[PDB]
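Structure record follows, encoded as structure tokens.
Number of protein chains: 6
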Amino acid sequence: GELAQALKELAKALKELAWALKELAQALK
Amino acid sequence: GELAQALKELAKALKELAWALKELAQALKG
Amino acid sequence: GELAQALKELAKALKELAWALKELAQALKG
Amino acid sequence: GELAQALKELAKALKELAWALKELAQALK
Amino acid sequence: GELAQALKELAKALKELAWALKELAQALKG
Amino acid sequence: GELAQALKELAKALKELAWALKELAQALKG
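Respectively, the protein sequence lines represent chains A, B, C, D, E and F.
Under our numbering, the first sequence has 332 at position 14, and the numbering climbs by one with no breaks.
Under our numbering, the second sequence has 21 at position 20, and the numbering climbs by one with no breaks.
Under our numbering, the third sequence has 12 at position 11, and the numbering climbs by one with no breaks.
Under our numbering, the fourth sequence has 325 at position 7, and the numbering climbs by one with no breaks.
Under our numbering, the fifth sequence has 10 at position 9, and the numbering climbs by one with no breaks.
Under our numbering, the sixth sequence has 29 at position 28, and the numbering climbs by one with no breaks.
And the structure:
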């Protein structure tokens, strides 16, 4: 219910955080 | 539940971490 | 309940980190 | 059982992470 | 359980984040 | 199980962030 929806919301953020990390990795070379 | 409520505040905080890192990334690229 | 308040707390921790990294980011772009 | 022990292990790390954050805050002033 | 196993790998990662931030803190203080 | 692999994944995310911040830290101390 309300928790399966909260869980994909965490899934989205987790992807978002990865993308930012690749951007910062890129920025450090 | 209140667990779900928790996961919701964590997803919100991850998102702001993600934004901050992109901000930091750009700060360094320029 | 066992776990909810531990994940809520990790959310505040990351939120603080995000603010921390915006300040760092600001310091570096000047 | 094994999960109540894992949970205080997360509790410890959470404290540890806070302490590092105050150190970095300190470092930025 | 496998949930507990998860919380264990998260506590381990928080600890290394904590170390990295202190490393970053010192990098800036000097 | 629902949640385990999401928290395991957040652990890898933070581990990567910690490595990211060690590199940043190294870049700044020279």
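Cβ atoms here follow ideal geometry from the backbone N, Cα and C, with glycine treated the same way.
Taking a contact as a CB-CB distance under 8 Å, the pair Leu-4 of chain E and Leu-4 of chain F counts as one, their CB atoms being some 6 Å apart. Take the alpha-carbon of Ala-7 of chain B and the one of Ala-331 of chain A: they are about 14 Å apart. For the pair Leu-29 of chain E and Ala-345 of chain D, the CB atoms are nearer than the 7 Å cut-off. The C-alpha of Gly-31 of chain B is placed about 37 Å away from the C-alpha of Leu-328 of chain D.
Counting every other CB atom within 10 Å of its CB across the protein chains shown gives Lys-16 of chain B a total of 16 or more, marking it as buried. Taken through DSSP and simplified to helix, strand or coil, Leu-25 of chain E comes out as helix.
Residue-level contact check: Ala-7 of chain C touches chain D, since one or more beta carbons of chain D fall below 7 Å from its beta carbon. When the Cα atoms are used, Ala-21 of chain E and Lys-9 of chain B turn out to be separated by approximately 26 Å. A straight-line Cα-Cα distance of about 26 Å links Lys-340 of chain D and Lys-340 of chain A.
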